[PDB]
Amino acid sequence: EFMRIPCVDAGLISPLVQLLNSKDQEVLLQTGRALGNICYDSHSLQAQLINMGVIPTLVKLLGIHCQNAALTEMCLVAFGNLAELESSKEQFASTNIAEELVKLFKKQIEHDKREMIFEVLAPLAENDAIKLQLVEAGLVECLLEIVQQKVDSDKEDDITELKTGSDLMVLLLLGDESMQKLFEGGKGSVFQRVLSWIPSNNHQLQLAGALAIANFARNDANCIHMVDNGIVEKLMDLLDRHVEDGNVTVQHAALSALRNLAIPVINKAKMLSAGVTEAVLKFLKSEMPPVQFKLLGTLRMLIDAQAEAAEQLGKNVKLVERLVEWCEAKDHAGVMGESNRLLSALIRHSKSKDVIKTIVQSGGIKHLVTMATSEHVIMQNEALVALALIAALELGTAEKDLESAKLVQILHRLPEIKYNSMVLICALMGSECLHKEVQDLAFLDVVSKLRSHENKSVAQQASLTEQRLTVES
């Protein structure tokens, strides 16, 4: 009888899975290769892969035949293909794969075979439990030894292993549990080694070291510890060495660490006192957007409620002119947005007339005005509050640019907490150039708030805005 033959499916695969428990090594080699070569792209196929327990069965086989190079190699190949599925990694994370791979790795004295294991470790280590399991199984001390063994070596294979090893270490630091384990309250081997990597001449170790700090610096307690222990000084020294003709990769990582470190309130004053601003502004002339992005982010974290710092930066005319420049960089959204946010924050946290004037003289108003129409609500009322401060402090010097930028027209079209637009209008009300107000038909909208807006905040200010817009204009 004529048979319909479907695409590869459970019927083809089921038989092969049953063979995984054979004591014949040829059979195991045939079936294992076959199973690792099949593409589990269908959802029913991966379901079958998971439900028939192929992954745990292969990890088991790797345990039993880790002395057989043919079987071991086939498992590694199989694992490399299987590992690429997120659902598969989850399953790997309930097995002994981490320990089995480290034991195996420790046994190897051939670069090629090490590399085979690296290519299984890397995808698997995207899973956070696997990361933690690798740390517990001793992977990092292997990695650190490899780096130490290969620093200062020009052998192609030495630099490649140092690279792959140091990168894998960083990957381990992206998982929260693995990272914290390695941090070990600020005395962990990795943290302390990295203090020797950052001041070194090896760019890959500078890079890996700076990234290790960045990834350690992902909660308050770690950041506070590292700042109390002088990490900011080493990162500034690292940055200084890369001002002139630097590696952008290392500049970015270093600035990324500083940005993370500046997040805790307690850190901000300490970093400012250490002179971190001066180190970071040496990269204003960078044309590399990632560097720009992270230098901007760092400054913004550092001024977060630090008025003296916001004031010194807001009056730095080179900084401000550069910000206005980067607000016009249309292709690089991150730096555009960070630059806009920095302009706003400079005003909100300093509340200084001098920074406000520096910003108007430099062209900043139109950019703040445009930011108020941002799709992100946080950025809109950051724009508004900054606008309100400039109304209240330097309306005279600004109203020309505020006219040009058509702010009152924008305010009208404006939502929820963007009700702060009403507060801005009432402060703009005392403007010569910005006469209407009235002509804009704002009296039709102002009192019409009442409630709803249902919020007691969004309702109550309507009475104030209605009393003001009725008594005048």
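Note that residue numbering begins at 1 and tracks the sequence as displayed.
**Q** Indicate whether the chain is continuous between residue 414 and residue 415 or, if not, how many deposited residues are absent from the coordinates: none, 1 to 3, 4 to 9, or 10 or more.
**A** The entry leaves 4 to 9 residues without coordinates here.
**Q** Mean Cα B factor from the PDB record: higher for 175-183, or higher for 358-366?
**A** It is 358-366.
**Q** Check the entry's C-alpha temperature factors for 313-321 and 204-212, then say which stretch has the higher mean.
**A** The stretch with the larger average C-alpha B-factor is 313-321.
**Q** Of 267, 189, 374, 352, which one's C-alpha B factor is largest in the deposited record?
**A** In the PDB entry, the greatest C-alpha B-factor among 267, 189, 374, 352 is found at 374.
**Q** Can you tell me which of 120, 258, 395, 296 has the maximum CA B-factor listed in the PDB entry?
**A** If I rank 120, 258, 395, 296 by C-alpha B-factor, first place goes to 395.
**Q** Going by what the PDB entry lists, where does residue 430 fall on CA B-factor within its chain: lowest, middle or highest third?
**A** For residue 430, whose C-alpha B-factor we compare with every modelled residue in the chain, the answer is the highest third.
**Q** Sorting the chain's modelled residues by C-alpha B-factor, tell me whether residue 5 ends up in the lowest, middle or highest third.
**A** It falls in the bottom third of the chain.
**Q** Place residue 35 in the lowest, middle or highest third of its chain's C-alpha B-factors, as listed in the PDB entry.
**A** Middle third, going by the recorded CA B-factors of the chain.
**Q** Comparing residue 27 with the other modelled residues of its chain, is its CA B-factor in the lowest, middle or highest third?
**A** Within its chain, residue 27 is a middle-third residue by C-alpha B-factor, going by the deposited values.
**Q** According to the PDB entry, is the CA B factor of residue 237 in the bottom, middle or top third of its chain, that is, lowest, middle or highest?
**A** It belongs to the lowest third of the chain when residues are ordered by C-alpha B-factor.
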